[PDB]
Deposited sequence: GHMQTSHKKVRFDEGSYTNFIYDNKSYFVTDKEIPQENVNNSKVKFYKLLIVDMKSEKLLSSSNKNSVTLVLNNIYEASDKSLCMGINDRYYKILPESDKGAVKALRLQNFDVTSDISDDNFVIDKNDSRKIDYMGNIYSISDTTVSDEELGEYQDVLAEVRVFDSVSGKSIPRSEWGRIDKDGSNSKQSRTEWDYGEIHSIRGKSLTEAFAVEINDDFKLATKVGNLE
């Protein structure tokens, strides 16, 4: 079991790539260990960067063994809990382990309607289409409207409905092969657009 440099979620085991998910497994559903290992990581909660010693905004993670669960999925001991692990082919479909366990929703940015806030990051909604083959897991639906200044992105209150643009925001989906932190798809009017971290 080898974690990628600088990562607390992405690793290789028995020559296959996995990540630790945010899916907790109750202790009663955890069965035989499959791999014994012990790794301590220190993670800055703000920058999510690895540290060599703890600080005021750090969390210490003890990663300990891989187990088979009662549904034959695999999981990993993380501190006092167990979290399912999945192949990297599933990234974005299922969220990676959240540090906060030891912000996680989509909100149209209050200052610029062409942006979405997610996980403490800001995402720019592009004019690039996400094809049906790139479109992955359903995450949420906004079902919102913004009427905004076409140049500045500043929204206009409904009571007042300068060039103006109306966007009608639909579903949010993962993009296959990408974590949600990297990118996701947002339904704008009649098609899915690519949103990427700014």
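In sequence order, the gaps in C-alpha coverage of the deposited chain fall at 1-9, 112-118, 178-188, 226-229.
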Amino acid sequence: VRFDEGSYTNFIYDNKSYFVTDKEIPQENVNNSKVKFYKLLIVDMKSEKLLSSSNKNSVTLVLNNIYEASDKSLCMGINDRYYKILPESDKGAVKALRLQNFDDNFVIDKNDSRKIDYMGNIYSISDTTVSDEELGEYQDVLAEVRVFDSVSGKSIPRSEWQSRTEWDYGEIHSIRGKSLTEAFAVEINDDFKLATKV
From here on, numbers count along this sequence of modelled residues.
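Comparing 163-171 with 28-36, the stretch with the higher mean C-alpha B-factor in the PDB entry is 28-36. Between the stretches 92-100 and 79-87, it is 92-100 that shows the larger average CA temperature factor. Residue set 155, 150, 70, 139: peak C-alpha B-factor at 70 (per PDB entry). In this structure the maximum Cα B-factor among 189, 9, 15, 179 is found at 15.
In the deposited entry, the Cα temperature factor of residue 144 places it in the lowest third of its chain's modelled residues. The entry lists a Cα temperature factor for residue 105 that places it in the highest third of the chain's modelled residues.
The entry lists a Cα temperature factor for residue 74 that places it in the middle third of the chain's modelled residues. Ranked by Cα temperature factor within the chain, residue 122 sits in the middle third according to the deposited record.
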